[PDB]
């Protein structure tokens, strides 16, 4: 609570969010983004949570074109609870508030969605999000210039056997 935003949309559905604080500002962002892209965010959160194989099986791929199971192993390793907790603890009050607002606003849209702009209505993976999910997405992006480029390589790393 203490969440409030004013949203104006101009041509092409560009949102202009006004609020008195970061919580309210994030509230408007999460809501406007969900109106346009709820399904996209839901899918990418599934990816960043390492749950692709759980929802979609081993034959599919992520939108980064990694196989579901290796992708899941990588993101389960990357986004361990301890890593998420330390990341959260290091965040300023302003950033925490932005993220809290965003999650609340996205979830508000989900509660109200009737399919008008949401093609994945009714899918089990379209669900309320938490700030940890936004941390999962952030950390996924953070490592794109690093260990993220080696996701398959990390999954493939196993000690030698008895071979010659």
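Residue numbers count along the first chain shown, from 1.
### Message
Per the record, averaged over C-alpha atoms, which has the higher B-factor: 85 to 93 or 72 to 80?
### Response
According to the entry, 85 to 93 carries the higher average C-alpha B-factor.
### Task
On mean C-alpha B-factor from the PDB entry, just flag whether 101 to 109 or 56 to 64 is the higher one.
Per the PDB entry, the higher value belongs to 56 to 64.
### Query
Out of 138, 37, 123, 47, which one has a C-alpha B factor higher than all the others in the entry?
Of the candidates given, the C-alpha B-factor peaks at 123.
### Query
Taking the C-alpha B-factors as the PDB entry records them, is residue 132 in the lowest, middle or highest third of its chain?
Its C-alpha B-factor belongs to the middle third of this chain's values.
### Query
Going by the entry, which third of its chain does the Cα temperature factor of residue 25 land in?
Ranked within chain, residue 25 CA B lands in the middle tercile.
### Message
Where does the C-alpha B-factor of residue 11 rank in its chain, lowest, middle or highest third?
### Response
For residue 11, whose C-alpha B-factor we compare with every modelled residue in the chain, the answer is the highest third.
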